[PDB]
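Lettering follows sequence order; numbering is per chain, from 1.
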Amino acid sequence: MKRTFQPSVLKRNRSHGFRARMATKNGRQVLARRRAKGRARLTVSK
Amino acid sequence: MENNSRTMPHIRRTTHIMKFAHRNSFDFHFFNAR
Amino acid sequence: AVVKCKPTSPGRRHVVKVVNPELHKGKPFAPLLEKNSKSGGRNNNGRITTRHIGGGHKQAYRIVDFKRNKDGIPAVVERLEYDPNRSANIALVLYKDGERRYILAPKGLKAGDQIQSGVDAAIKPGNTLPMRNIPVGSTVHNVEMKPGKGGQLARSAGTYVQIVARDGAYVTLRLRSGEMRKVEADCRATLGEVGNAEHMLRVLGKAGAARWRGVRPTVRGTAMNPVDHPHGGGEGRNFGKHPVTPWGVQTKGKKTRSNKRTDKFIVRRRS
RNA sequence: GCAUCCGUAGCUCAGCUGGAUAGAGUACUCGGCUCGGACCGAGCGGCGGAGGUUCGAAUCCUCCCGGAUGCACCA
RNA sequence: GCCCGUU
RNA sequence: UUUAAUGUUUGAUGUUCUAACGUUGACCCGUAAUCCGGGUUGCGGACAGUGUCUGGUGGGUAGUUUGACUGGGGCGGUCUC
RNA sequence: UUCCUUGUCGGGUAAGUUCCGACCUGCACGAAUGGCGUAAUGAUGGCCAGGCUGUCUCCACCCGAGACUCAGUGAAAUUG
RNA sequence: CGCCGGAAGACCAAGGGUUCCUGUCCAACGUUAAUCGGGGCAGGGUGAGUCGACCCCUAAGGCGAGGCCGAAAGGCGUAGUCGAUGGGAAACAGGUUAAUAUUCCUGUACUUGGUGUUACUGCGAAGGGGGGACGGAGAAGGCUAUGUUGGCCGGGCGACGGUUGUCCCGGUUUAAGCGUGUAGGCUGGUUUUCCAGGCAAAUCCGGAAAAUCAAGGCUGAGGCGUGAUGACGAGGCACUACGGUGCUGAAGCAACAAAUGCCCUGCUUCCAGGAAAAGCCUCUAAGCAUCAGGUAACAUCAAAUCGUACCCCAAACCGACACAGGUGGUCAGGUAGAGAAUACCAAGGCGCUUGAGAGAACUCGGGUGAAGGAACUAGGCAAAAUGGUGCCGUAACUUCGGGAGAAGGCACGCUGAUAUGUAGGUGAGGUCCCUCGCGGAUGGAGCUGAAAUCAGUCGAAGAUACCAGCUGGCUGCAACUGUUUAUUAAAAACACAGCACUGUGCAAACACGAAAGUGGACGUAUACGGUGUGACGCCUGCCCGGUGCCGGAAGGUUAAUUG
RNA sequence: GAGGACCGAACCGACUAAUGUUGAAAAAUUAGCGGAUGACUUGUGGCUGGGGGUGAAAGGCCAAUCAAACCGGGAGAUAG
Ligand SMILES: NCCC[C@H](N)C(=O)O
Ligand SMILES: [K+]
Ligand SMILES: [K+]
Ligand SMILES: [K+]
Ligand SMILES: [K+]
Ligand SMILES: [K+]
Ligand SMILES: [K+]
Ligand SMILES: [K+]
Ligand SMILES: [K+]
Ligand SMILES: [K+]
Ligand SMILES: [K+]
Ligand SMILES: [K+]
Ligand SMILES: [K+]
Ligand SMILES: [K+]
Ligand SMILES: [K+]
Ligand SMILES: [K+]
Ligand SMILES: [K+]
Ligand SMILES: [K+]
Ligand SMILES: [K+]
Ligand SMILES: [K+]
Ligand SMILES: [K+]
Ligand SMILES: [K+]
Ligand SMILES: [K+]
Ligand SMILES: [K+]
Ligand SMILES: [K+]
Ligand SMILES: [K+]
Ligand SMILES: [K+]
Ligand SMILES: [K+]
Ligand SMILES: [K+]
Ligand SMILES: [K+]
Ligand SMILES: [K+]
Ligand SMILES: [K+]
Ligand SMILES: [K+]
Ligand SMILES: [Mg+2]
Ligand SMILES: [Mg+2]
Ligand SMILES: [Mg+2]
Ligand SMILES: [Mg+2]
Ligand SMILES: [Mg+2]
Ligand SMILES: [Mg+2]
Ligand SMILES: [Mg+2]
Ligand SMILES: [Mg+2]
Ligand SMILES: [Mg+2]
Ligand SMILES: [Mg+2]
Ligand SMILES: [Mg+2]
Ligand SMILES: [Mg+2]
Ligand SMILES: [Mg+2]
Ligand SMILES: [Mg+2]
Ligand SMILES: [Mg+2]
Ligand SMILES: [Mg+2]
Ligand SMILES: [Mg+2]
Ligand SMILES: [Mg+2]
Ligand SMILES: [Mg+2]
Ligand SMILES: [Mg+2]
Ligand SMILES: [Mg+2]
Ligand SMILES: [Mg+2]
Ligand SMILES: [Mg+2]
Ligand SMILES: [Mg+2]
Ligand SMILES: [Mg+2]
Ligand SMILES: [Mg+2]
Ligand SMILES: [Mg+2]
Ligand SMILES: [Mg+2]
Ligand SMILES: [Mg+2]
Ligand SMILES: [Mg+2]
Ligand SMILES: [Mg+2]
Ligand SMILES: [Mg+2]
Ligand SMILES: [Mg+2]
Ligand SMILES: [Mg+2]
Ligand SMILES: [Mg+2]
Ligand SMILES: [Mg+2]
Ligand SMILES: [Mg+2]
Ligand SMILES: [Mg+2]
Ligand SMILES: [Mg+2]
Ligand SMILES: [Mg+2]
Ligand SMILES: [Mg+2]
Ligand SMILES: [Mg+2]
Ligand SMILES: [Mg+2]
Ligand SMILES: [Mg+2]
Ligand SMILES: [Mg+2]
Ligand SMILES: [Mg+2]
Ligand SMILES: [Mg+2]
Ligand SMILES: [Mg+2]
Ligand SMILES: [Mg+2]
Ligand SMILES: [Mg+2]
Ligand SMILES: [Mg+2]
Ligand SMILES: [Mg+2]
Ligand SMILES: [Mg+2]
Ligand SMILES: [Mg+2]
Ligand SMILES: [Mg+2]
Ligand SMILES: [Mg+2]
Ligand SMILES: [Mg+2]
Ligand SMILES: [Mg+2]
Ligand SMILES: [Mg+2]
Ligand SMILES: [Mg+2]
Ligand SMILES: [Mg+2]
Ligand SMILES: [Mg+2]
Ligand SMILES: [Mg+2]
Ligand SMILES: [Mg+2]
Ligand SMILES: [Mg+2]
Ligand SMILES: [Mg+2]
Ligand SMILES: [Mg+2]
Ligand SMILES: [Mg+2]
Ligand SMILES: [Mg+2]
Ligand SMILES: [Mg+2]
Ligand SMILES: [Mg+2]
Ligand SMILES: [Mg+2]
Ligand SMILES: [Mg+2]
Ligand SMILES: [Mg+2]
Ligand SMILES: [Mg+2]
Ligand SMILES: [Mg+2]
Ligand SMILES: [Mg+2]
Ligand SMILES: [Mg+2]
Ligand SMILES: [Mg+2]
Ligand SMILES: [Mg+2]
Ligand SMILES: [Mg+2]
Ligand SMILES: [Mg+2]
Ligand SMILES: [Mg+2]
Ligand SMILES: [Mg+2]
Ligand SMILES: [Mg+2]
Ligand SMILES: [Mg+2]
Ligand SMILES: [Mg+2]
């Protein structure tokens, strides 16, 4: 039957992509936390 | 939720397996000590 | 003309429709149309602020002249049209210079009638004059509250307002609710009643007919759980409490008017 | 089975004056008005039983009997 | 003001 | 005890006024703009509205309490001398 | 909705705690937290009849997939 | 040999990302073996002015200079700017690679810009107007895709009786563009004069008046001609690494049937009354005026960038798996049939990655059954049974629609005749007329083709398979169609049309928001919110002491304040 | 040629039975079943955020989790 993950690249980038993170103050703190952890992928992007 | 299982990383909620009241064939007539 | 439908199916047994054959069968006048997209009863916070609104047929907005300030120039009524935005019908008029406008269609008004606005117009149904030039006792509609603002009272189908007195700079109006109100005498009004007076005679007949108008179903508060409504709960059908709104304010009798700046205009409240 | 309240004139009900004195309506009886009602004037008619305290009980105790009311739940 | 009935 | 007279006065209600304040009335401009601001005028007008203080109401919402003994708990009874 | 209760009477059955009709003694119905009716409708609750049958008396045989044997691969719950 | 064939075939979007093709390898991966693979390694492969994106334009919505509001963070929103699932220029047929093709090659086309020359000329917008531009249902007519049969052309004369014929097999294909303007749809045309309208202007739109003509214009499938002396073509001949390669090539017409596709964004009808903006056309303002610009012809130049392999109802996507699950669009052959149902087939694609034996109990999925026929069981659960078309016939009750396919019954195949194939449909030739053509009348060849009656005939059975209602009687509840506990409850629960009470005079009540504001509503008491009841019919009695609500102001009590 | 009209595929749903229950599957399959022009169904995009949303109302649903989601922190909460 129909499962919860139905992929769509446009809805992925609009919801959690780089410009979506940079738009708000709380999204820019997500990026600061991930840069401080040293993560190889900051956002979910291309 | 079981978030870092190393033997079964694919599943987080497993109590539908071994707990008898959470299996699909549980019947409430098993609980007749009421 | 009200017609009863024949009971060929259970959803047709109780339908009573109002069918007016003098309406224009055709497309409306396109320069006076605007987009009107639906809300769902939701505000700019995205939250439902009025319940039971949703769906329905697509509708275009007709720009209706509620001001009637084109003074001195006569106008001939072209045809009567259907308006999905209101209970009344609207009329397309043509002024002598070549301007077309939509007005509310009054009672008894046909295609070919002559209307005129202004201070020196005649006392006949369809003309719009200030209320210092209207005889006391007249039946008017589309009444202004402030001068130049546009008509706001007695707009629905079959409604009207009677002019009871004129004392000074004010006139007293008997509103359709039974309320006596003072409005200043420089405000305009249109002679006659609003047309389509058998709009209240129609019966929808079935549940889907209410859904075509964008009315969603009402759930009774006594049919809920206590977490959802004050009336909720019970083992069977229990009520036990005084009837209230979903937010706990007493309905069935408690007054909610709180407006200290408009009380001087109200002579007598409704009863 | 437990808990609570009641047993007063033929009938329906007051009286606990904190213990020292029993009444009301209706019924019934007698006389009158007119043959009988209605009406008028008089009258008669007794604290559920069995012990206990008490100078003394319808009243306060203890038990018995009878009548009502409520409860008898979770398995 | 009220004032029934009579095998 | 009881009243009137003169001089002086605040509180109450009432009546107008405009100049604070309101305007989700009209017009003009910034302006290619149903926002906003300024200007002109009309209608309200010391009301309304808001701040501080205060009486009432307030399961709309919140934090909690709701004893023990007991031939199982509950119900009944008991709790000190 | 009725505890007593399988109330009593009538119908249906050889035999009916259910069903249908009536009675009224309504423990503890009742008028818009509606009363009583009601054609049509319902994967709705109860009851009866015709047809039909391996549902049953009472099982028998047959056709396939497993079970069994050989070769290859090869788990699991549990366990002082 | 078996299975699918409204897919288990073919083409895509989404998503994935090299799984595509060739060579090579078999440790691990593949539920077995593997020489094979969507596995390992190496090489190759995706070619565009026209397809898509990008681009121009907007919807819902997002963000938002100033602004308004908020302890801060921030919230809302104007001008704007983004945002497709919608609108906007243009390409087709054939051939070719192991793997791409409307992209390469061959043939024949089209669109939008820049520049230049010539001829002529009022051009110009952030403004005006038109257009773009829009619902549901239904009906008919004209067509095409496509199919069938005939004719024509090539081949055949049959492993076993017959088969030179009314015999058998195969083929009979051709586009965009350009030209012509038909079935159909809509609309009166032209000229002159004037005007409180379209924020100013306007020769444009709107309005008024007058004259004159009996016609004009717009839209539009298909057909026909050309494109095409080409291309393709059943087959045959010649080589070969036996995979394939090279050359040549006949016929290439007609009739009938026919869509859910096209004409059709039409027509008719109904109420619930059915996007926006640009491209496009047109008008003028400031302005420029031998300029610039506009229009037509011709020449020339430009049309960039990114995607393009492959899978896509699946072993490549979402499900931990090469997992009986889930996943939007497009194409739609034959026989029978009402049909996209169903059965068997075509093109095409597959036999589902463990097999081999045996023929015990028992389990699963089915077939049949003597006599009985619900005796089974909580309960006819499950099975069995009914089943099509035409015609006859059909009760109580009813809101007059229903109930009703009530119930029940009869006919049904094949062959011949009526009639060498009828009624009906289609309609060539010939002839006549004109408007001389895609025209009209007459005419009927050819093709297609039900249904019925009569007679005969075979079987146990003619709706023979697949497919395809069990029926009736009484009663509770809910009027009805709907909705609900994703994963034990589909109901008598929820909703519902209808009814009543109550609030609400517009800066409405109310709701979301410290607020600004927004919804209610571009609505205005025949409207809107809340509450209860629940179609319809007959009705809805008595109680205001208690609690609540509404009204009242005399008196009593009564806060901050004052002192 | 009307209809929340009728029969019935696609499509949407989930009433009954059997199988399965370390399943082929963390809810399916097979055989029947209901709606099937509408209060229908579906693709793409958008909005509503946790004492909040949304709810033809079942405490239903809000990423296999719901009488208060998930993640991190107070945090080694407290545990007669
Ligand atoms: N949101 C879905 C996550 C699925 C995950 N593998 C689980 O077992 O929960
Ligand atoms: K309701
Ligand atoms: K309930
Ligand atoms: K002012
Ligand atoms: K005030
Ligand atoms: K004890
Ligand atoms: K014990
Ligand atoms: K009862
Ligand atoms: K008998
Ligand atoms: K009997
Ligand atoms: K049902
Ligand atoms: K029934
Ligand atoms: K190997
Ligand atoms: K496997
Ligand atoms: K698009
Ligand atoms: K326009
Ligand atoms: K004109
Ligand atoms: K223009
Ligand atoms: K390609
Ligand atoms: K064996
Ligand atoms: K049938
Ligand atoms: K009823
Ligand atoms: K159901
Ligand atoms: K429900
Ligand atoms: K109302
Ligand atoms: K609005
Ligand atoms: K009362
Ligand atoms: K009261
Ligand atoms: K009272
Ligand atoms: K029809
Ligand atoms: K949609
Ligand atoms: K929460
Ligand atoms: K989650
Ligand atoms: Mg995983
Ligand atoms: Mg509502
Ligand atoms: Mg309602
Ligand atoms: Mg409930
Ligand atoms: Mg509550
Ligand atoms: Mg109850
Ligand atoms: Mg004694
Ligand atoms: Mg008597
Ligand atoms: Mg006598
Ligand atoms: Mg004043
Ligand atoms: Mg509380
Ligand atoms: Mg605490
Ligand atoms: Mg205890
Ligand atoms: Mg005890
Ligand atoms: Mg009996
Ligand atoms: Mg009975
Ligand atoms: Mg009741
Ligand atoms: Mg009651
Ligand atoms: Mg009531
Ligand atoms: Mg009843
Ligand atoms: Mg074995
Ligand atoms: Mg073995
Ligand atoms: Mg087959
Ligand atoms: Mg690879
Ligand atoms: Mg390959
Ligand atoms: Mg292997
Ligand atoms: Mg392969
Ligand atoms: Mg490979
Ligand atoms: Mg590899
Ligand atoms: Mg493009
Ligand atoms: Mg904003
Ligand atoms: Mg701060
Ligand atoms: Mg844009
Ligand atoms: Mg390919
Ligand atoms: Mg325009
Ligand atoms: Mg064609
Ligand atoms: Mg030859
Ligand atoms: Mg030959
Ligand atoms: Mg032979
Ligand atoms: Mg625009
Ligand atoms: Mg996948
Ligand atoms: Mg998968
Ligand atoms: Mg996963
Ligand atoms: Mg496999
Ligand atoms: Mg699969
Ligand atoms: Mg599908
Ligand atoms: Mg099929
Ligand atoms: Mg084939
Ligand atoms: Mg066997
Ligand atoms: Mg038998
Ligand atoms: Mg036999
Ligand atoms: Mg037999
Ligand atoms: Mg039996
Ligand atoms: Mg038995
Ligand atoms: Mg059955
Ligand atoms: Mg009968
Ligand atoms: Mg009938
Ligand atoms: Mg009839
Ligand atoms: Mg029949
Ligand atoms: Mg015969
Ligand atoms: Mg019953
Ligand atoms: Mg129902
Ligand atoms: Mg239903
Ligand atoms: Mg459940
Ligand atoms: Mg469930
Ligand atoms: Mg559940
Ligand atoms: Mg179930
Ligand atoms: Mg269920
Ligand atoms: Mg309401
Ligand atoms: Mg109800
Ligand atoms: Mg009542
Ligand atoms: Mg009061
Ligand atoms: Mg229907
Ligand atoms: Mg569902
Ligand atoms: Mg099912
Ligand atoms: Mg099924
Ligand atoms: Mg169905
Ligand atoms: Mg059915
Ligand atoms: Mg159906
Ligand atoms: Mg609908
Ligand atoms: Mg979506
Ligand atoms: Mg509950
Ligand atoms: Mg999760
Ligand atoms: Mg969940
Ligand atoms: Mg909590
Ligand atoms: Mg701490
Ligand atoms: Mg701890």
Undergrad: Please tell me whether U46(H) and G225(H) form a Watson-Crick or G-U wobble pair, using a cut-off of 3.5 Å on both distances.
TA: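 No, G225(H) does not pair with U46(H).
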Undergrad: Need the pair for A50(D). Rule: Watson-Crick or G-U wobble, both distances under 3.5 Å, any strand; none if unpaired.
TA: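 Answer to the pairing question: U62(D), which forms a Watson-Crick or G-U pair with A50(D).
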Undergrad: For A507(H), does OP1 or OP2 lie under 4.0 Å from any side-chain N or O of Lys149(C)?
TA: yes
Undergrad: Under 3.5 Å for both distances, do we get a Watson-Crick or G-U wobble pair between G147(H) and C522(H)?
TA: no
Undergrad: So, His57(C) and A272(H): ring centres less than 5.5 Å apart, planes less than 30° off, yes or no?
TA: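 Given the distance and angle limits, no, they do not stack.
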Undergrad: Answer yes or no: does a side-chain N or O of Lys206(C) lie under 4.0 Å from OP1 or OP2 of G38(I)?
TA: no
Undergrad: Determine, using purine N1 to pyrimidine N3 plus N6-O4 or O6-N4 for Watson-Crick, or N1-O2 and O6-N3 for G-U wobble, whether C105(H) and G94(H) pair with both distances under 3.5 Å.
TA: yes
Undergrad: Does a Watson-Crick or G-U wobble pair link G150(H) to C253(H), with each of the two distances under 3.5 Å?
TA: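 Answer is yes for this nucleotide pair.
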Undergrad: Given atom NZ of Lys2(A) and atom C1' of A28(I), what is their separation to the nearest angstrom?
TA: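 Rounding to the nearest Å, NZ of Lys2(A) and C1' of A28(I) are 19 Å apart.
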Undergrad: So what's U57(G) paired with, Watson-Crick or G-U wobble, going by both distances under 3.5 Å?
TA: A371(H)
Undergrad: Would one find a side-chain N or O of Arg269(C) under 4.0 angstrom from OP1 or OP2 of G505(H)?
TA: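 Yes, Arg269(C) has a side-chain N/O under 4.0 Å of OP1/OP2 on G505(H).
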Undergrad: Once hydrogens and angles are ignored, does a donor-acceptor distance under 3.5 Å link the base of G505(H) to the side chain of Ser177(C)?
TA: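 Looking at the base of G505(H), it does pair with a donor or acceptor on the side chain of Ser177(C) (distance under 3.5 Å).
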Undergrad: Are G243(H) and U353(H) base-paired in the Watson-Crick or G-U wobble sense, both distances less than 3.5 Å?
TA: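 Under the 3.5 Å cut-off on both distances, the two nucleotides are not paired.
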Undergrad: Would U464(H) be called syn or anti here, given the cut-off of 90° from 0?
TA: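 That one's syn.
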Undergrad: Given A27(I), is OP1 or OP2 found less than 4.0 Å from the side-chain N or O atoms of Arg3(A)?
TA: yes
Undergrad: If you check every side-chain atom of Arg261(C), which of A507(H), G74(H), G530(H) has the closest atom?
TA: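 Ranking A507(H), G74(H), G530(H) by closest atom to the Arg261(C) side chain puts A507(H) first.
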Undergrad: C263(H) and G141(H), Watson-Crick or G-U wobble pair at under 3.5 Å for both distances?
TA: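 The answer is yes: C263(H) partners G141(H).
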Undergrad: Looking at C33(I) opposite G13(I), are both of their pairing distances below 3.5 Å, so that they form a Watson-Crick or G-U wobble pair?
TA: yes
Undergrad: Counting only side-chain nitrogens and oxygens, does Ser156(C) get under 4.0 Å of the OP1 or OP2 atom of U524(H)?
TA: yes
Undergrad: Watson-Crick or G-U wobble between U144(H) and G170(H), both distances under 3.5 Å?
TA: no
Undergrad: Return the stacking result for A26(I) and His16(B): yes when the ring centres lie under 5.5 Å apart and the planes under 30°, no otherwise.
TA: yes
Undergrad: Pick base, sugar-phosphate or nothing for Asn20(C), based on heavy-atom distances below 4.0 Å to the nucleic acid.
TA: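 Nothing, no heavy atom under 4.0 Å.
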Undergrad: When the P atoms of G122(H) and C134(H) are compared, how many Å lie between them, rounded to an integer?
TA: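 Going atom to atom, P in each nucleotide, I get 39 Å.
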Undergrad: Is there a base pair between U431(H) and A441(H), Watson-Crick or G-U wobble, given that both distances have to be under 3.5 Å?
TA: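 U431(H)/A441(H): base pair present.
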Undergrad: Since syn is defined as within 90° of 0, does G326(H) count as syn or as anti?
TA: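 What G326(H) shows is an anti base, its glycosidic angle lying more than 90° from 0.
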Undergrad: Does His14(C) make a side-chain donor-acceptor contact with the base of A497(H), cut-off 3.5 Å?
TA: no
Undergrad: Considering just the side-chain nitrogens and oxygens of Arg13(C), establish if one lies under 4.0 Å of OP1 or OP2 belonging to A479(H).
TA: no
Undergrad: Can you name the closest pair of heavy atoms from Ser39(C) and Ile53(C) and give their distance?
TA: OG-CG2, 4.4 Å
Undergrad: When you get a sec, tell me which of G529(H), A320(H), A57(I) is the closest nucleotide to the side chain of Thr50(C)?
TA: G529(H)
